[PDB]
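4 protein chains.
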Amino acid sequence: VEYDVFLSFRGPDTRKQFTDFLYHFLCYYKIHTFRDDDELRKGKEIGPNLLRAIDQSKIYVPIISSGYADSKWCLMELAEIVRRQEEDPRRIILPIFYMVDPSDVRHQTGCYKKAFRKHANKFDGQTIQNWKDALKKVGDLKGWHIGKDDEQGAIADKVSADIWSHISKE
Amino acid sequence: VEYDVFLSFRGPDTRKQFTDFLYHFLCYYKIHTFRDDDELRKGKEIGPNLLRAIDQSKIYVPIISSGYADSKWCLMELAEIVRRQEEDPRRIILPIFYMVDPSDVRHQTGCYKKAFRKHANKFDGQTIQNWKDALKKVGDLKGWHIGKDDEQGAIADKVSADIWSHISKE
Amino acid sequence: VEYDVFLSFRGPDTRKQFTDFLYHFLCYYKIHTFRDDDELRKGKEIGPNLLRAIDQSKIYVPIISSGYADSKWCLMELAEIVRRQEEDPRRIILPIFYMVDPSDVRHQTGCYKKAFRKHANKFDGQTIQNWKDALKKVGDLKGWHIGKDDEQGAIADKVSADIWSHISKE
Amino acid sequence: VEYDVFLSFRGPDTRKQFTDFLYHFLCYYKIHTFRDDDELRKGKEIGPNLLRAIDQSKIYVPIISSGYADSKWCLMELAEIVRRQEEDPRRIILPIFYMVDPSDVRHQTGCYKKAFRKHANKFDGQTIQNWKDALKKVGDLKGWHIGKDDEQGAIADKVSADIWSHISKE
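Protein chains in written order, with my numbering: chain A, -19 to 150; chain G, -19 to 150; chain S, -19 to 150; chain U, -19 to 150.
See the structure below:
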């Protein structure tokens, strides 16, 4: 009746490209999945929607993309995932890199440089250091890299069971 | 008194650069680690050495490199790792890609094509299909990708504790 | 609460290749280590950063590399290490040669010739003689040479305890 | 009245070139030094000569050369130095490499392969492994490398005081 898996991704990039199939494939294993498309903006952080499901989730599974560092709504939300995780280690994180190196995520260089080249003219000089401290630790856990040739279909089946193995056996 | 971790790597590539620290840093967490450098060749597969420790190990942790597909001994040995794993799933595998894409490992193309271009003129036409079937499934589990810029030191500490977390808590 | 060990190295050469693991292996012996990556350039010599920790350090441990004689910041900074050491001999220096002969360091010939020739068209004709006088005396103390085959891992454990032996026994 | 420093070297190589000065320069600092030239051979290991002074010495200071791995007496004698040192760590070892890399000493390869290619046809299959285990650990401590250009004179003065500093201050 509650949520056992909570996703997070980019807007226009992978909302129909691949994450959509995983939502439809996952529902075939009899588990309730949460994905959201509402652009929020109704304020700066909504409570009864995101904040509710965050504490209700069980396996936070982000999906870092190529342009995941531009939306001013994703990063600060990810800062709430990995922060809540460090307080109670009962839950886990299974990131999935996508079309990007597992090196442009630990130092925000490469395809993120100019993203933080303009993000530094608006916000505080400490809030940005809060993101780069949280975004870094995500790029150290285990994760299926998806190269240019790997099957966008076989990976889904392999990763889904790893989410279903931690539920049946508990 | 027995082995709880068994490694596997390339000869001249990463024997003295990155994998050597893994043996010296890991021994500081009070766990017995096995690494071997003897070129074997005394026959075709030694028993009391490799075959003994294989069944004695607890967490098989390979380290796929860039030229891991040339040494005849390594591949056919890896075919014995992932095969023994599929019979008893009590143990696990935590591969670590290295200076290579997580896409040139599922289809043996790219930097491996030259390798299997000459390996097909010696052995059977079925033994090769046995390797490509085993080498593929390794490139689907979780794994820390190490890009050109990631710190060769911080990764070690992060990956070591993940091997030490599955021992203390059991 | 203060620093007991202060490092110094080249930028792009050994910042992730080997010096990185030492910072992670050393922290496992419960001692606070200082390493810095900020390119400075904010002026010509920063005070509250480098100058503070220099006097706060206890065992200055440089790591001379192959291209350690090109960066305009490193040499003139090393001239401040060995100079402060000669006034109070309570502290020590444990250099570690790297991929270079212990002969190309006492006379600046070999792989340092062209770089020194270029540096002579900008600065004073006495400041350069100040470096060559300081860089020479460093290449006379004790030091673990690391050849092409020595294990990059076993050396770390051997050298770390020699830094930890001078702390526990005092 | 007893010996505070005990040397060890090759026969024809460095008996009259560099080590001879060390005996004459060192005696100018008012310390009693022991060097021996008798070829022994009167049996297999003499007692009242070598075995007496070994336990009487205070700072064992070998001088590894280029052909230090051929004489059947030197190695097995060095196996008695580093072995007695490991029981009481009150004393120390200050090796001095010479015209050789600090890499051909940790793995007995390069200029020593010919040496142990013929030494394995006479003695036991375990006594040889005893030497390679002792000769290795010597090549990990601190040591002044002497390259092709370093002054054979300035090094002596620098190394002598380091032996005299551990005597006056105690």
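All residues carry an ideal CB built from backbone N, CA and C; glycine is no exception.
Asked, Found
"Alpha carbon to alpha carbon, how far is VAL85 of chain U from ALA95 of chain U? Give it in angstroms, no decimals.", "13 Å"
"Flag this pair as yes or no: are the beta carbons of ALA33 of chain A and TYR(-17) of chain A separated by less than 8 Å?", "yes"
"Looking at the strands, I want to know which residues DSSP matches up with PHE14 of chain U.", "U:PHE(-14)"
"Mapping the DSSP letters down to three states, classify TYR40 of chain A as helix, strand or coil.", "strand"
"Span of the alpha helix (DSSP H) holding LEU74 of chain U?", "First-last for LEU74 of chain U: undefined, no H or E at that position."
"Hey, how far is the Cα of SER37 of chain U from the Cα of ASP68 of chain U?", "13 Å"
"From the DSSP output, in three-state form, read off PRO69 of chain S for me.", "coil"
"Taking a Cβ distance cut-off of 9 Å, strictly less, list which residues of the region 65 to 86 of chain G are near chain A, in chain order.", "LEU74, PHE77, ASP81, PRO82, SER83, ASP84, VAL85 and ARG86"
"What would DSSP say about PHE5 of chain U, mapped onto helix, strand or coil?", "helix"
"For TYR48 of chain S, which residues of its own chain have a beta-carbon under 7 Å away from its beta-carbon, when the five flanking residues on both sides are left out?", "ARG(-10) and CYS54"
"Between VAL41 of chain G and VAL118 of chain G, what straight-line distance do the alpha-carbon atoms span, to the nearest angstrom?", "11 Å"
"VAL118 of chain A by DSSP, collapsed to three states: which one?", "helix"
"Kindly indicate which three-state DSSP category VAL(-19) of chain S falls into: helix, strand or coil?", "coil"
"In terms of residues, what are the limits of the alpha helix (DSSP H) holding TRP144 of chain G?", "134 to 148"
"What is the DSSP secondary structure of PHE(-2) of chain U, counted as helix, strand or coil?", "coil"
"Report all residues from its chain with a CB closer than 6 Å to the CB of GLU19 of chain A; omit the five preceding and five following residues, and keep chain order.", "none"
"What do you get for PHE(-2) of chain U, buried or exposed, if any count of 16 or more other CB atoms within 10 angstroms of its CB means buried?", "buried"
"Please report the straight-line C-alpha distance between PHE1 of chain G and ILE26 of chain S, rounded to a whole angstrom.", "34 Å"
"Cβ atoms of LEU(-13) of chain S and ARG21 of chain S: under 8 Å apart, would you say?", "no"
"Using the beta-carbon of each residue, which ones in chain U are nearer than 9 Å to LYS138 of chain S?", "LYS117, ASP120 and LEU121"
"At 7 Å on the CB atoms, spell out the chain U contacts of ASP0 of chain S, in chain order.", "None at all; the shortest Cβ gap to chain U is about 21 Å."
"Would DSSP call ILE61 of chain S helix, strand or coil?", "helix"
"Should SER45 of chain A and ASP(-7) of chain A be called a contact, given that it needs their Cβ atoms to be closer than 8 Å?", "yes"
"Could you check if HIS125 of chain A is buried or exposed, using at least 16 other CB atoms within 10 Å of its CB as the buried criterion?", "buried"
"Taking the alpha carbon of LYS(-4) of chain U as the point to measure from, which residue in U:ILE135, U:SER51, U:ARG64 and U:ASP17 has its own alpha carbon closest?", "U:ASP17"
"If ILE43 of chain U sits next to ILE72 of chain U, beta carbons under 8 Å apart, how far is it from one beta carbon to the other, in whole angstroms?", "That pair is no contact at about 15 Å."
"Excluding the 5 residues flanking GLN132 of chain U on each side, which residues of the same chain have their C-beta closer than 6 Å to its C-beta?", "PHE(-2)"
"With 8 Å set as the bound, which would you pick, yes or no: does the beta-carbon of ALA33 of chain S sit closer than that to a beta-carbon of chain G?", "no"
"Alpha carbons only, please: which of U:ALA59, U:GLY23, U:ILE143 and U:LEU6 is nearest the one belonging to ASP113 of chain U?", "U:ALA59"
"Would you mind stating whether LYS138 of chain U and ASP120 of chain S have Cβ atoms separated by less than 8 Å?", "yes"
"Could you give the DSSP three-state label for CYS54 of chain G: helix, strand or coil?", "helix"
"Using a C-beta to C-beta distance shorter than 9 Å, which residues of chain G count as neighbours of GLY23 of chain S?", "Simply none; closest approach about 28 Å."
"Taking 7 Å as the cut-off, is the beta-carbon of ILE43 of chain S closer than that to any non-hydrogen atom of the ligand COA?", "The ligand COA is absent from the structure shown, which contains no ligands of any kind."
"Assuming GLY127 of chain G contacts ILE76 of chain G under a Cβ cut-off of 8 Å, what Cβ separation, rounded to an integer in Å, is found between them?", "In fact, because the Cβ distance is near 13 Å, the residues do not count as touching under 8 Å."
"Kindly list the residues whose CB is nearer than 7 Å to the CB of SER140 of chain U, restricted to its own chain and excluding five residues on each side of it in sequence; keep chain order.", "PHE5, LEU6 and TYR9"
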